[PDB]
Amino acid sequence: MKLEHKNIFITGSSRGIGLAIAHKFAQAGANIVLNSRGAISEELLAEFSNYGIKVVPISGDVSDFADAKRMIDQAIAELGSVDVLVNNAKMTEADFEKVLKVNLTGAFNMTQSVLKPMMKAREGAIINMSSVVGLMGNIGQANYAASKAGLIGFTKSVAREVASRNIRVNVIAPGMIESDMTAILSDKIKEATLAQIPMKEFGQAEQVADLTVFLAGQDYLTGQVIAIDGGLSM
Amino acid sequence: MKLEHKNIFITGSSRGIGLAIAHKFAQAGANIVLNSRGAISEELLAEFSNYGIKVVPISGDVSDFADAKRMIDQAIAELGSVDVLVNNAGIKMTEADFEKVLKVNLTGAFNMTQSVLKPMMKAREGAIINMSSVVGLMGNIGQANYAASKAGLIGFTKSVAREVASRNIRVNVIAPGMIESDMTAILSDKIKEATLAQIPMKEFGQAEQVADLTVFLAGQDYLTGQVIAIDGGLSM
Amino acid sequence: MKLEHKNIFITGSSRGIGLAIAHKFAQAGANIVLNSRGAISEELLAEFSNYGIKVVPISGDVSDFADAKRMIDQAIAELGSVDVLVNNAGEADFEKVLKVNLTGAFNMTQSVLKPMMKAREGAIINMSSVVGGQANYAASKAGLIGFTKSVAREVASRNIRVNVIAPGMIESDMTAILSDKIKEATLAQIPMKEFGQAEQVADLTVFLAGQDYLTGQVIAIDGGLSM
Amino acid sequence: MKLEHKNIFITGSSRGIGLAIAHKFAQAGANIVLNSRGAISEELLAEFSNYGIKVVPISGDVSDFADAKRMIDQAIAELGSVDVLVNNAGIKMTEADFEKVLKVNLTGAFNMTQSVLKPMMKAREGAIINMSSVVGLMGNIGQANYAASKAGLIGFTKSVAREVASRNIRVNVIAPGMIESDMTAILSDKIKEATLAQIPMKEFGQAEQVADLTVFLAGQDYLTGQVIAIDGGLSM
């Protein structure tokens with residue numbers, strides 16, 4: 001009931017967890033922006049034409065400051081507003097570092113872009129999300145932890161500045177999620193991976209979606225970091 | 001859906017936020033244990049009659065280890081299991097009554113947790129939610145004692161969560177802020193505008209919002225060891 | 001020597017970990033209180049008489065608040081003061097011992113704080129019990145950790161350091177005499193593939209007692225067991 | 001003595017905390033590698049000639065993996081082995097390259113750790129001590145970058161500790177707080193008093209406390225994967 005007819009911008013929502021988040025927001029009656037760095041296909045656009053909600057495809061590069069502002073502006077012109085922004089996010093360590101920086105920059109830019117309209121409406125929610133945890137070497141673990149800390153400090157800073165304007169700003173930290181590849185991995189490497197999760201199991205994408213939609217509709221909750229990772233980041 | 005027919009032991013649930021928590025869980029279809037240091041009235045039980053669940057009163061002293069064990073067993077007997085424990089214990093007063101209420105929250109959280117962990121670890125399932133005490137009007141000495149007790153409840157919760165994760169038990173802390181109470185409508189505007197000025201979001205919480213978070217956490221698998229303030233940014 | 005003539009009250013110091021801690025403190029030149037539920041044997045006192053320190057025996061029940069205060073008062077009466085408190089924690093029997101140990105740490109900590117707070121200094125070192133399941137083991141170790149953080153917060157502004165040591169599996173008589181296939185399966189569970197030694201716990205306890213500006217820490221000495 | 005004749009490689013030990021650490025290791029009878037980006041002055045080597053230990057100057061760039069590898073090989077060839085690696089860091093001017101010294105120090109821990117792990121794993125013995133930088137007075141962007149690089153150093157340390165525990169190698173991080181230094185008298189009474197009031201023990205730390213903790217960890221067996229804050233309770 002709290003989310004019906006609200007307008008949700010979900011970055012990276014053509015695949016994976018972002019798509020699960022978008023299905024869950026749609027099941028709650030909210031209007032949906034589907035967003036990808038690539039194109040949104042008519043396939044995907046049709047999965048969402050059974051909920052009786054407005055669905056809008058908006059592609060672009062969140063990591064380009066002006067293009068992030070363009071994407072927020074398009075959503076406002078097509079839906080009327082953005083009530084909720086969900087900032088959902090290689091092989092060498094150097095390329096892995098670059099990917100983390102791109103996703104962090106994208107979260108920064110989209111957050112900066114919606115602040116002005118949300119602050120006018122005295123209304124809105126921003127949910128920043130660290131990336132799903134994969135297998136990483138020592139240096140990848142370090143780079144992962146550094147960029148996650150960066151996202152948390154930024155998000156807490158923004159939470160403090162916009163509280164008096166009734167904008168709620170929170171971070172969700174997923175852990176290791178099952179995928180179709182999990183079935184394919186060796187029982188050896190699963191066992192050494194599970195060993196590092198206190199709850200000794202992998203997460204599911206739908207758990208992240210449930211938490212995301214719950215936070216979106218939950219007044220009076222701001223500045224929080226909520227890990228949903230079976231204890232991984234304890 | 002995910003809480004329907006689950007069994008919820010809610011301590012200190014005869015009034016206030018505890019009682020609001022009990023109502024949300026009943027609205028989710030969970031059976032509930034209403035608990036108080038003293039007797040539970042027939043008119044309080046009457047409030048839950050249209051929910052189509054089981055409601056059990058168990059009164060006792062959560063801060064007495066023997067009676068904490070007694071109350072958990074009695075809840076298992078009458079309901080079948082304890083799937084969720086919500087520790088919300090403790091109820092003008094001076095600083096000494098304030099320390100005592102803080103120590104009751106901790107002791108009761110400790111004892112009720114230790115008791116319920118015996119069946120939950122054998123069943124390999126369960127959720128425990130520790131509630132810090134609602135934040136009221138506090139001076140110098142008061143905030144110091146509050147901060148130390150909260151550090152204790154958080155440290156306790158994170159440590160327990162570490163210890164029991166391998167047996168599939170989730171343990172989290174909720175930290176309510178300044179919550180609107182039946183009292184609040186009769187406070188004076190000077191004291192109200194002066195405490196609102198301390199809250200980043202410039203408003204008071206609702207008991208129902210604390211209840212919503214409590215019920216959500218209880219059903220949310222794979223979330224453990226978290227501290228979630230619901231306080232309009234007071235603790236930021 | 002940061003510890004010569006400091007006054008160390010060491011609960012449960014007649015055997016095992018507590019005895020090893022008492023020896024390390026005595027080796028650093030500190031005065032020590034040897035404590036146990038029963039009487040301190042004459043032998044034990046004599047095993048400490050050539051360190052050149054004051055050795056004070058004080059028997060009693062830590063899990064009884066009035067006796068806890070009697071014991072601290074007695075130690076303050078016999079030594080200068082109590083500069084360092086070490087709260088050492090060695091079926092339904094298992095539950096009663098954990099309860100005595102956790103209550104003991106609470107009672108002795110409360111009794112020793114007023115003198116330390118007035119002095120602007122002190123150190124309290126809590127000990128969780130060694131590993132090797134129970135609800136009670138989990139809750140009690142967590143209880144001690146939560147109490148330690150609460151007290152560290154409470155007393156930091158008076159320059160009093162409060163820390164917990166969490167030992168892992170320690171070799172003992174009990175370890176040494178069991179199946180060599182159970183030890184194999186047991187050591188396999190420890191990332192450093194070996195058992196700890198009481199003397200390692202003792203070195204850590206002495207270091208924290210003497211180390212300024214370190215408080216509120218939970219330090220596992222467990223071969224990575226809890227990483 | 002547990003450190004007598006052990007071979008200690010201390011990065012950034014020509015001045016500040018790193019130098020203090022070197023002196024504490026020499027007082028424990030350990031052989032020392034003094035290291036800096038520039039060349040080690042003969043006057044600094046003279047401070048150590050009196051200890052009856054062996055003292056070896058090795059300069060280079062820790063943030064260059066090839067030169068990191070070579071520095072380690074040089075130390076093995078002049079001392080026999082590296083038993084303990086201390087990845088030391090630390091610092092008036094800009095925000096532009098506060099980030100630069102953080103990243104250089106951080107990647108330095110990366111390369112030196114990666115380089116010494118081969119001979120320690122073969123030797124089946126060893127210790128690695130990483131150290132976050134001293135907490136100083138920082139703008140908001142400073143604190144943001146400080147928190148990120150510290151989080152990165154901790155994740156690196158925990159990951160390596162897991163990797164090498166089975167080959168008897170101990171890996172830990174020290175997290176200093178605010179160290180009283182030359183920037184302490186200059187600061188105004190409003191500034192010290194307000195800063196001191198944010199530290200729970202209400203006082204500034206000393207470099208010697210960090211050096212003492214470093215020496216203790218180097219010699220303490222069976223202790224690995226720990227993050228040890230010596231910061232007056234700042235991060236409790």
# chains A, B, ... in the order shown; residues from 1 in each chain; ligands from 1
>>> interface_residues(of="chain B", to="chain A", cutoff="6 Å", atoms="only C-alpha atoms", output="PyMOL selection string")
chain B and resi 165-166+168+200-201+222-224+230+232-233
>>> write_last_selection(atoms="C-alpha atoms", output="compact mmCIF listing (two decimals), in the first residue's frame")
# COMPACT_ATOMS: atom_id res chain seq x y z
CA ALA B 165 25.24 -18.22 12.92
CA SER B 166 26.55 -21.69 12.18
CA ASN B 168 21.16 -20.94 11.44
CA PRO B 200 17.65 15.53 12.09
CA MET B 201 14.29 14.66 10.56
CA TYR B 222 20.15 -14.30 5.94
CA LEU B 223 20.21 -10.96 7.89
CA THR B 224 22.13 -11.24 11.16
CA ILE B 230 15.02 3.77 13.64
CA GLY B 232 15.10 9.95 12.36
CA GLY B 233 18.89 10.21 12.39
>>> residues_around(residues="residue 154 (chain A)", least_positions_apart="2", cutoff="12 Å", atoms="only C-alpha atoms", output="ChimeraX atom specification")
/A:104-105,107-109,111-112,128-129,147-152,156-161,169-171,223,225 /D:140-141,143-145,147-148
>>> write_last_selection(atoms="C-alpha atoms", output="tab-separated table (two decimals), in the first residue's frame")
chain	number	residue	atom	x	y	z
A	104	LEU	CA	31.10	4.25	-6.94
A	105	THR	CA	31.17	7.26	-9.30
A	107	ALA	CA	26.29	6.14	-7.13
A	108	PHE	CA	27.76	9.58	-6.41
A	109	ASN	CA	26.38	11.09	-9.64
A	111	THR	CA	22.60	10.66	-5.75
A	112	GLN	CA	23.74	14.21	-6.54
A	128	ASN	CA	22.78	2.87	-2.10
A	129	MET	CA	24.06	-0.66	-2.56
A	147	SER	CA	35.21	1.17	-2.17
A	148	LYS	CA	32.44	-0.15	0.09
A	149	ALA	CA	33.72	2.06	2.92
A	150	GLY	CA	33.74	4.97	0.49
A	151	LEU	CA	30.11	4.32	-0.40
A	152	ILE	CA	29.11	4.16	3.28
A	156	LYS	CA	26.12	8.88	5.68
A	157	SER	CA	27.28	12.39	4.70
A	158	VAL	CA	24.32	12.83	2.35
A	159	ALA	CA	21.93	11.42	5.01
A	160	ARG	CA	22.95	14.20	7.44
A	161	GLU	CA	22.50	16.99	4.87
A	169	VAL	CA	19.28	7.80	2.76
A	170	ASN	CA	20.53	4.27	3.54
A	171	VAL	CA	23.05	1.64	2.38
A	223	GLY	CA	21.67	6.97	7.81
A	225	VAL	CA	24.03	0.50	6.92
D	140	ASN	CA	35.52	15.85	5.37
D	141	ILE	CA	37.15	14.66	2.17
D	143	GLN	CA	38.25	11.63	6.57
D	144	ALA	CA	36.45	9.98	3.66
D	145	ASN	CA	39.73	8.93	2.04
D	147	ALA	CA	38.30	5.66	6.24
D	148	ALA	CA	38.45	4.00	2.80
>>> interface_residues(of="chain B", to="chain C", cutoff="9 Å", atoms="only C-alpha atoms", output="PyMOL selection string")
chain B and resi 110-111+113-121+144-145+147-164
>>> residues_around(residues="region 102-105 of chain C", least_positions_apart="3", cutoff="10 Å", atoms="only C-alpha atoms", output="PDB file with N, CA, C and O atoms, in the first residue's frame")
ATOM      1  N   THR C  11      42.110 -13.426  39.875  1.00  0.00           N
ATOM      2  CA  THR C  11      41.160 -14.429  40.328  1.00  0.00           C
ATOM      3  C   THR C  11      41.463 -15.794  39.710  1.00  0.00           C
ATOM      4  O   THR C  11      41.900 -15.898  38.553  1.00  0.00           O
ATOM      5  N   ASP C  61      34.650 -16.294  47.395  1.00  0.00           N
ATOM      6  CA  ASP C  61      33.644 -16.543  46.365  1.00  0.00           C
ATOM      7  C   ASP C  61      33.438 -15.278  45.528  1.00  0.00           C
ATOM      8  O   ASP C  61      32.808 -14.321  45.996  1.00  0.00           O
ATOM      9  N   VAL C  62      33.950 -15.274  44.286  1.00  0.00           N
ATOM     10  CA  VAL C  62      33.773 -14.089  43.436  1.00  0.00           C
ATOM     11  C   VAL C  62      32.315 -13.890  43.054  1.00  0.00           C
ATOM     12  O   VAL C  62      31.897 -12.760  42.823  1.00  0.00           O
ATOM     13  N   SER C  63      31.527 -14.964  42.952  1.00  0.00           N
ATOM     14  CA  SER C  63      30.145 -14.852  42.492  1.00  0.00           C
ATOM     15  C   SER C  63      29.182 -14.358  43.575  1.00  0.00           C
ATOM     16  O   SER C  63      27.960 -14.417  43.371  1.00  0.00           O
ATOM     17  N   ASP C  64      29.706 -13.856  44.695  1.00  0.00           N
ATOM     18  CA  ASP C  64      28.924 -13.262  45.776  1.00  0.00           C
ATOM     19  C   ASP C  64      29.427 -11.847  45.989  1.00  0.00           C
ATOM     20  O   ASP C  64      30.594 -11.655  46.354  1.00  0.00           O
ATOM     21  N   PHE C  65      28.553 -10.857  45.771  1.00  0.00           N
ATOM     22  CA  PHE C  65      29.034  -9.480  45.661  1.00  0.00           C
ATOM     23  C   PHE C  65      29.699  -9.011  46.940  1.00  0.00           C
ATOM     24  O   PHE C  65      30.736  -8.336  46.894  1.00  0.00           O
ATOM     25  N   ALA C  68      32.990 -10.501  47.181  1.00  0.00           N
ATOM     26  CA  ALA C  68      33.860  -9.838  46.206  1.00  0.00           C
ATOM     27  C   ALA C  68      34.427  -8.547  46.773  1.00  0.00           C
ATOM     28  O   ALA C  68      35.636  -8.294  46.692  1.00  0.00           O
ATOM     29  N   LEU C  85      43.053  -5.686  37.664  1.00  0.00           N
ATOM     30  CA  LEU C  85      42.212  -6.840  37.961  1.00  0.00           C
ATOM     31  C   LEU C  85      42.189  -7.756  36.742  1.00  0.00           C
ATOM     32  O   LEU C  85      41.855  -7.316  35.635  1.00  0.00           O
ATOM     33  N   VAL C  86      42.539  -9.021  36.946  1.00  0.00           N
ATOM     34  CA  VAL C  86      42.441 -10.061  35.927  1.00  0.00           C
ATOM     35  C   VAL C  86      41.323 -10.999  36.339  1.00  0.00           C
ATOM     36  O   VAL C  86      41.470 -11.757  37.307  1.00  0.00           O
ATOM     37  N   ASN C  87      40.215 -10.976  35.595  1.00  0.00           N
ATOM     38  CA  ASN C  87      39.078 -11.870  35.838  1.00  0.00           C
ATOM     39  C   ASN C  87      39.213 -13.122  34.991  1.00  0.00           C
ATOM     40  O   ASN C  87      38.771 -13.181  33.841  1.00  0.00           O
ATOM     41  N   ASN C  88      39.810 -14.141  35.585  1.00  0.00           N
ATOM     42  CA  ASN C  88      40.094 -15.396  34.912  1.00  0.00           C
ATOM     43  C   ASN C  88      38.929 -16.366  35.125  1.00  0.00           C
ATOM     44  O   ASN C  88      38.387 -16.472  36.232  1.00  0.00           O
ATOM     45  N   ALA C  89      38.513 -17.049  34.040  1.00  0.00           N
ATOM     46  CA  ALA C  89      37.275 -17.853  34.016  1.00  0.00           C
ATOM     47  C   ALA C  89      37.562 -19.279  33.518  1.00  0.00           C
ATOM     48  O   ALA C  89      37.307 -19.620  32.358  1.00  0.00           O
ATOM     49  N   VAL C  97      29.129 -23.383  36.351  1.00  0.00           N
ATOM     50  CA  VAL C  97      30.485 -22.839  36.354  1.00  0.00           C
ATOM     51  C   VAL C  97      30.550 -21.574  35.511  1.00  0.00           C
ATOM     52  O   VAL C  97      31.185 -20.583  35.897  1.00  0.00           O
ATOM     53  N   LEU C  98      29.905 -21.592  34.339  1.00  0.00           N
ATOM     54  CA  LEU C  98      29.865 -20.402  33.496  1.00  0.00           C
ATOM     55  C   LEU C  98      29.207 -19.244  34.235  1.00  0.00           C
ATOM     56  O   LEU C  98      29.686 -18.103  34.179  1.00  0.00           O
ATOM     57  N   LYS C  99      28.129 -19.537  34.970  1.00  0.00           N
ATOM     58  CA  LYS C  99      27.402 -18.517  35.721  1.00  0.00           C
ATOM     59  C   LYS C  99      28.250 -17.940  36.842  1.00  0.00           C
ATOM     60  O   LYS C  99      28.207 -16.732  37.105  1.00  0.00           O
ATOM     61  N   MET C 108      33.571  -8.520  40.763  1.00  0.00           N
ATOM     62  CA  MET C 108      34.914  -8.035  41.054  1.00  0.00           C
ATOM     63  C   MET C 108      35.189  -6.732  40.316  1.00  0.00           C
ATOM     64  O   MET C 108      35.871  -5.844  40.845  1.00  0.00           O
ATOM     65  N   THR C 109      34.664  -6.594  39.091  1.00  0.00           N
ATOM     66  CA  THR C 109      34.864  -5.351  38.343  1.00  0.00           C
ATOM     67  C   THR C 109      34.213  -4.178  39.060  1.00  0.00           C
ATOM     68  O   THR C 109      34.831  -3.121  39.234  1.00  0.00           O
ATOM     69  N   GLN C 110      32.957  -4.349  39.476  1.00  0.00           N
ATOM     70  CA  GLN C 110      32.260  -3.278  40.180  1.00  0.00           C
ATOM     71  C   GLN C 110      32.992  -2.888  41.463  1.00  0.00           C
ATOM     72  O   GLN C 110      33.142  -1.697  41.764  1.00  0.00           O
ATOM     73  N   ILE C 124      41.528  -3.531  33.648  1.00  0.00           N
ATOM     74  CA  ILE C 124      40.732  -4.719  33.892  1.00  0.00           C
ATOM     75  C   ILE C 124      40.821  -5.594  32.649  1.00  0.00           C
ATOM     76  O   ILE C 124      40.617  -5.107  31.525  1.00  0.00           O
ATOM     77  N   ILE C 125      41.140  -6.871  32.848  1.00  0.00           N
ATOM     78  CA  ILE C 125      41.323  -7.815  31.760  1.00  0.00           C
ATOM     79  C   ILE C 125      40.370  -8.959  32.010  1.00  0.00           C
ATOM     80  O   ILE C 125      40.536  -9.722  32.979  1.00  0.00           O
ATOM     81  N   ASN C 126      39.344  -9.053  31.177  1.00  0.00           N
ATOM     82  CA  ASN C 126      38.423 -10.174  31.218  1.00  0.00           C
ATOM     83  C   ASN C 126      38.912 -11.286  30.304  1.00  0.00           C
ATOM     84  O   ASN C 126      39.566 -11.040  29.284  1.00  0.00           O
ATOM     85  N   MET C 127      38.579 -12.523  30.718  1.00  0.00           N
ATOM     86  CA  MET C 127      38.982 -13.806  30.144  1.00  0.00           C
ATOM     87  C   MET C 127      37.731 -14.581  29.748  1.00  0.00           C
ATOM     88  O   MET C 127      36.985 -15.003  30.632  1.00  0.00           O
ATOM     89  N   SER C 128      37.529 -14.854  28.458  1.00  0.00           N
ATOM     90  CA  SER C 128      36.470 -15.832  28.210  1.00  0.00           C
ATOM     91  C   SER C 128      37.051 -17.242  28.321  1.00  0.00           C
ATOM     92  O   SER C 128      38.270 -17.433  28.347  1.00  0.00           O
ATOM     93  N   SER C 129      36.182 -18.224  28.479  1.00  0.00           N
ATOM     94  CA  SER C 129      36.708 -19.554  28.760  1.00  0.00           C
ATOM     95  C   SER C 129      37.133 -20.258  27.466  1.00  0.00           C
ATOM     96  O   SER C 129      36.661 -19.940  26.363  1.00  0.00           O
ATOM     97  N   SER C 140      27.238 -16.862  27.324  1.00  0.00           N
ATOM     98  CA  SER C 140      28.077 -16.369  28.413  1.00  0.00           C
ATOM     99  C   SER C 140      29.315 -15.668  27.885  1.00  0.00           C
ATOM    100  O   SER C 140      29.713 -14.625  28.413  1.00  0.00           O
ATOM    101  N   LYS C 141      29.962 -16.236  26.866  1.00  0.00           N
ATOM    102  CA  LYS C 141      31.068 -15.520  26.247  1.00  0.00           C
ATOM    103  C   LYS C 141      30.593 -14.179  25.691  1.00  0.00           C
ATOM    104  O   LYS C 141      31.224 -13.136  25.912  1.00  0.00           O
ATOM    105  N   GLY C 143      28.072 -12.543  26.741  1.00  0.00           N
ATOM    106  CA  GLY C 143      27.729 -11.706  27.874  1.00  0.00           C
ATOM    107  C   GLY C 143      28.948 -10.979  28.396  1.00  0.00           C
ATOM    108  O   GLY C 143      28.905  -9.772  28.651  1.00  0.00           O
ATOM    109  N   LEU C 144      30.062 -11.704  28.520  1.00  0.00           N
ATOM    110  CA  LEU C 144      31.314 -11.099  28.971  1.00  0.00           C
ATOM    111  C   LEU C 144      31.817 -10.042  27.987  1.00  0.00           C
ATOM    112  O   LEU C 144      32.381  -9.019  28.399  1.00  0.00           O
ATOM    113  N   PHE C 147      29.552  -6.969  28.402  1.00  0.00           N
ATOM    114  CA  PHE C 147      29.878  -6.299  29.660  1.00  0.00           C
ATOM    115  C   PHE C 147      31.183  -5.520  29.525  1.00  0.00           C
ATOM    116  O   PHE C 147      31.280  -4.354  29.930  1.00  0.00           O
ATOM    117  N   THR C 148      32.199  -6.149  28.935  1.00  0.00           N
ATOM    118  CA  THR C 148      33.477  -5.467  28.728  1.00  0.00           C
ATOM    119  C   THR C 148      33.331  -4.183  27.921  1.00  0.00           C
ATOM    120  O   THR C 148      33.973  -3.173  28.232  1.00  0.00           O
TER     121      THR C 148
END
>>> select_by_dssp(residues="region 3-142 of chain A", states="strand (DSSP E)", output="number ranges by chain")
A: 7-10, 31-36, 55-59, 84-87, 124-129
>>> write_last_selection(atoms="N, CA, C and O atoms", output="mmCIF file, in the first residue's frame")
data_model
loop_
_atom_site.group_PDB
_atom_site.id
_atom_site.type_symbol
_atom_site.label_atom_id
_atom_site.label_comp_id
_atom_site.auth_asym_id
_atom_site.auth_seq_id
_atom_site.Cartn_x
_atom_site.Cartn_y
_atom_site.Cartn_z
ATOM 1 N N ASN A 7 7.190 6.243 -7.924
ATOM 2 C CA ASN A 7 8.075 6.157 -9.082
ATOM 3 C C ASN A 7 9.481 5.792 -8.611
ATOM 4 O O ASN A 7 10.105 6.563 -7.875
ATOM 5 N N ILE A 8 9.972 4.629 -9.038
ATOM 6 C CA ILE A 8 11.217 4.046 -8.538
ATOM 7 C C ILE A 8 12.228 4.025 -9.679
ATOM 8 O O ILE A 8 11.983 3.391 -10.712
ATOM 9 N N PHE A 9 13.388 4.642 -9.481
ATOM 10 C CA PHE A 9 14.438 4.579 -10.483
ATOM 11 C C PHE A 9 15.419 3.515 -9.969
ATOM 12 O O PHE A 9 16.021 3.699 -8.908
ATOM 13 N N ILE A 10 15.605 2.425 -10.698
ATOM 14 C CA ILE A 10 16.524 1.361 -10.279
ATOM 15 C C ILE A 10 17.664 1.273 -11.282
ATOM 16 O O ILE A 10 17.452 0.864 -12.429
ATOM 17 N N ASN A 31 5.589 2.443 -9.919
ATOM 18 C CA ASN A 31 6.054 2.628 -11.289
ATOM 19 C C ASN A 31 7.573 2.483 -11.351
ATOM 20 O O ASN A 31 8.297 2.894 -10.439
ATOM 21 N N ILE A 32 8.051 1.953 -12.472
ATOM 22 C CA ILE A 32 9.399 1.411 -12.597
ATOM 23 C C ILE A 32 10.138 2.096 -13.745
ATOM 24 O O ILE A 32 9.634 2.146 -14.873
ATOM 25 N N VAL A 33 11.344 2.592 -13.464
ATOM 26 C CA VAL A 33 12.346 2.879 -14.494
ATOM 27 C C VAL A 33 13.283 1.687 -14.584
ATOM 28 O O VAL A 33 13.941 1.339 -13.595
ATOM 29 N N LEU A 34 13.349 1.053 -15.757
ATOM 30 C CA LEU A 34 14.364 0.047 -16.038
ATOM 31 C C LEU A 34 15.570 0.729 -16.675
ATOM 32 O O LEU A 34 15.424 1.494 -17.636
ATOM 33 N N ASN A 35 16.755 0.459 -16.140
ATOM 34 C CA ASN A 35 17.951 1.184 -16.528
ATOM 35 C C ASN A 35 19.083 0.213 -16.784
ATOM 36 O O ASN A 35 19.254 -0.784 -16.069
ATOM 37 N N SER A 36 19.819 0.488 -17.850
ATOM 38 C CA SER A 36 20.989 -0.293 -18.199
ATOM 39 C C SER A 36 21.962 0.624 -18.913
ATOM 40 O O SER A 36 21.574 1.629 -19.502
ATOM 41 N N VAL A 55 6.045 1.537 -16.843
ATOM 42 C CA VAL A 55 7.435 1.110 -16.944
ATOM 43 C C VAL A 55 8.112 1.923 -18.041
ATOM 44 O O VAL A 55 7.573 2.059 -19.142
ATOM 45 N N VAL A 56 9.287 2.472 -17.732
ATOM 46 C CA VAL A 56 9.996 3.372 -18.628
ATOM 47 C C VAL A 56 11.436 2.902 -18.786
ATOM 48 O O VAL A 56 12.155 2.770 -17.789
ATOM 49 N N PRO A 57 11.911 2.642 -20.006
ATOM 50 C CA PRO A 57 13.321 2.278 -20.188
ATOM 51 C C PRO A 57 14.205 3.506 -20.373
ATOM 52 O O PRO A 57 13.905 4.378 -21.190
ATOM 53 N N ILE A 58 15.288 3.603 -19.607
ATOM 54 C CA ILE A 58 16.195 4.746 -19.653
ATOM 55 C C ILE A 58 17.606 4.184 -19.560
ATOM 56 O O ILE A 58 17.992 3.638 -18.517
ATOM 57 N N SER A 59 18.364 4.290 -20.647
ATOM 58 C CA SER A 59 19.731 3.804 -20.715
ATOM 59 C C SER A 59 20.697 4.977 -20.730
ATOM 60 O O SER A 59 20.356 6.102 -21.107
ATOM 61 N N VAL A 84 11.912 7.247 -5.297
ATOM 62 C CA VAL A 84 12.906 6.335 -4.734
ATOM 63 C C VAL A 84 14.013 6.165 -5.767
ATOM 64 O O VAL A 84 13.725 5.884 -6.937
ATOM 65 N N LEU A 85 15.270 6.342 -5.349
ATOM 66 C CA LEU A 85 16.418 5.998 -6.186
ATOM 67 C C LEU A 85 17.157 4.812 -5.570
ATOM 68 O O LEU A 85 17.603 4.889 -4.416
ATOM 69 N N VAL A 86 17.292 3.728 -6.335
ATOM 70 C CA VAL A 86 18.061 2.553 -5.926
ATOM 71 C C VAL A 86 19.340 2.524 -6.753
ATOM 72 O O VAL A 86 19.306 2.192 -7.946
ATOM 73 N N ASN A 87 20.475 2.854 -6.121
ATOM 74 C CA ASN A 87 21.785 2.797 -6.782
ATOM 75 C C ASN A 87 22.365 1.398 -6.656
ATOM 76 O O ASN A 87 23.219 1.103 -5.814
ATOM 77 N N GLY A 124 11.299 11.685 -0.435
ATOM 78 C CA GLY A 124 12.071 10.750 -1.237
ATOM 79 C C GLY A 124 12.916 9.816 -0.391
ATOM 80 O O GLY A 124 13.059 9.970 0.819
ATOM 81 N N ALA A 125 13.496 8.829 -1.072
ATOM 82 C CA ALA A 125 14.364 7.845 -0.442
ATOM 83 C C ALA A 125 15.472 7.470 -1.420
ATOM 84 O O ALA A 125 15.216 7.286 -2.613
ATOM 85 N N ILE A 126 16.697 7.370 -0.911
ATOM 86 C CA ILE A 126 17.845 6.922 -1.684
ATOM 87 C C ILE A 126 18.418 5.711 -0.970
ATOM 88 O O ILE A 126 18.679 5.767 0.238
ATOM 89 N N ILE A 127 18.586 4.621 -1.713
ATOM 90 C CA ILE A 127 19.145 3.364 -1.220
ATOM 91 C C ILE A 127 20.391 3.067 -2.036
ATOM 92 O O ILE A 127 20.303 2.691 -3.213
ATOM 93 N N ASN A 128 21.549 3.222 -1.422
ATOM 94 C CA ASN A 128 22.778 2.871 -2.098
ATOM 95 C C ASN A 128 23.153 1.444 -1.753
ATOM 96 O O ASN A 128 22.907 0.967 -0.641
ATOM 97 N N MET A 129 23.764 0.758 -2.712
ATOM 98 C CA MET A 129 24.057 -0.660 -2.558
ATOM 99 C C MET A 129 25.480 -0.959 -2.981
ATOM 100 O O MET A 129 25.887 -0.598 -4.085
#
>>> closest_atom_pairs(of="chain C", to="chain A", cutoff="12 Å", atoms="only C-alpha atoms", output="JSON lines")
{"residue": "C:189", "atom": "CA", "partner": "A:195", "partner_atom": "CA", "distance": 10.9}
{"residue": "C:191", "atom": "CA", "partner": "A:195", "partner_atom": "CA", "distance": 11.5}
{"residue": "C:225", "atom": "CA", "partner": "A:196", "partner_atom": "CA", "distance": 11.4}
{"residue": "C:226", "atom": "CA", "partner": "A:198", "partner_atom": "CA", "distance": 10.0}
{"residue": "C:227", "atom": "CA", "partner": "A:196", "partner_atom": "CA", "distance": 8.6}
>>> write_last_selection(atoms="C-alpha atoms", output="PDB file, in the first residue's frame")
ATOM      1  CA  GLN C 189      39.638 -27.213  12.456  1.00  0.00           C
ATOM      2  CA  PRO C 191      43.659 -22.447  10.750  1.00  0.00           C
ATOM      3  CA  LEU C 225      39.849 -20.054  14.987  1.00  0.00           C
ATOM      4  CA  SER C 226      37.440 -17.083  15.121  1.00  0.00           C
ATOM      5  CA  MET C 227      38.672 -15.065  12.087  1.00  0.00           C
TER       6      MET C 227
END
>>> atom_distance(atom1="CA of residue 193 (chain A)", atom2="CA of residue 176 (chain A)")
9.2 Å
